[PDB]
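Residue strings, one per chain:
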Amino acid sequence: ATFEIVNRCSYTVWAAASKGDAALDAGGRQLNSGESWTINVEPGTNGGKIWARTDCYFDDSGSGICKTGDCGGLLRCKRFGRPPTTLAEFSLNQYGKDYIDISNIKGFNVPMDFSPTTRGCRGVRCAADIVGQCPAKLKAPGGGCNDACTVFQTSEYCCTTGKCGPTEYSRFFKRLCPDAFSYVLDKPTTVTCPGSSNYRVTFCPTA
């Protein structure tokens, strides 16, 4: 499958793509404002994620740091990033279908649209000003709006026991972005697409 990753933000982001134990394609790249990066993701990929990283500094060897979404200090991510990270999530060719969603379960850093470029399903978007409206206790100094599990590490926020409800904090994310997951047991906002669809992820789709 092809993913086109587009930075429509006015600031540079460092895109990342991983399935947790491996890079997808090159795993990461700098995207200046307006730039597009096309990657190829193997059919059958389960549990892939794409996200943006902000305020990064990398040396010639591809080693450094980012203020949001850092993946162990690498430009080319092999593992998932440090919250807060708005997440585009996908599993491809699962018994004939692709499944896509956006998640705020690991917080929010950059607004996002995640849409098919082929026919058969709709896209999803979270483009509200979550960072500007972020509750004081969830604000991340480096930028972004943390999820409550990251901040407070309780069974209820992290849904550790497999039983948990919505919370004041999850409802904040859900109010601003109804079409994204706001906590682990949220009513699913997953979209089902035809197997082997292609996609575009756009950072700052309205900004």
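Listed as the method for this PDB entry is X-ray crystallography; the listed resolution is 1.480 Å.

Asker: Looking at this model, I keep getting lost on the sheet that holds strand β11 (residues 124-126). Mind explaining?
Answerer: Strands belonging to one sheet form pairs held by backbone hydrogen bonds; the direction of such a pair is parallel or antiparallel. The strand order β4-β1-β14-β10-β11 describes an open sheet built from five strands, whose pairing is mixed. In the strand order of this sheet, the two ends are held by β4 (36-40) and β11, each with one partner. Recorded for the sheet is a direction-independent mean angle of 15° between the axes of neighbouring strands.

Asker: Before we go on, may I ask you to explain the pattern of salt bridges in this structure?
Answerer: Note that side chains of opposite charge can pair when their charged atoms are close. Evaluated as defined, the whole model comprises seven salt bridges. Across the pair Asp21 and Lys19 runs a salt bridge, and its minimum N-O distance is 2.8 Å. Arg125 is paired through a salt bridge with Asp113; the nearest N and O atoms lie 2.8 Å apart. Of this pair, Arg125 sits in strand β11 while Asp113 sits in strand β10 (residues 112-116), and the two are 12 residues apart along the sequence. By relative accessible area, which is 41% here, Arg125 ends up partly exposed.

Asker: Which parts of the structure should I look at to understand helix α4 (residues 168-176)?
Answerer: Because each turn of an α-helix spans 3.6 residues, side chains separated by three or four positions end up pointing in the same direction. Listed in full, the buried residues belonging to α4 are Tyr169, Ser170, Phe172 and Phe173. Taken around the axis of α4, the buried residues stretch over an arc of 150°, which confines them to a single face. Residues of α4 that are exposed and point more than 90 degrees away from the buried face comprise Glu168 and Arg175. Packing partners of the buried residues in α4 comprise α1 (130-133), α2 (148-152) and α3 (155-158).

Asker: What am I meant to see in the state of the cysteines here?
Answerer: Two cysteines whose sulfur atoms are joined by a covalent bond form what is called a disulfide. One pass over the structure, following the stated rule, counts eight disulfides. Paired through a disulfide, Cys9 and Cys204 show a sulfur-sulfur distance of 2.0 Å. Taking the sign of the torsion about the S-S bond as the criterion, the disulfide between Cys9 and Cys204, at about 90°, is right-handed. One end of the pair, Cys9, is in the loop between β1 (2-7) and β2 (13-18); the other, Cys204, is in the segment after β14 (199-203), and 195 residues separate them in sequence. Residue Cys9 is classed as buried on the basis of its relative accessible area of 0%. In this structure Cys204 comes out as buried when scored by relative accessible area, which is 3%. Two residues, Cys71 and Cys77, share a disulfide whose sulfurs are 2.0 Å apart. Of note, the bridge from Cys71 to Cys77 carries an S-S torsion of about -85° and is left-handed in sense. As far as burial versus exposure is concerned, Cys71 and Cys77 are alike and both buried.

About the criteria used
Residues numbered from 1 in each chain as written, not as in the entry; some residues may be left out. Heavy atoms only, no water. Pairing = 2+ DSSP bridges. Helix = DSSP H or I, 4+ residues; strand = E, 2+ residues; numbered from the N terminus. Axes fitted to C-alpha atoms, helices over the stretch in contact; angles between N-to-C directions. Salt bridge = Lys/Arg side-chain N within 4 Å of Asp/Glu carboxyl O. Buried < 20%, exposed > 50% of the residue type's maximum accessible area, 1.4 Å probe, protein only. Arc of directions from axis to C-beta. Contact = heavy atoms within 4.5 Å. Disulfide = S-S within 2.5 Å.

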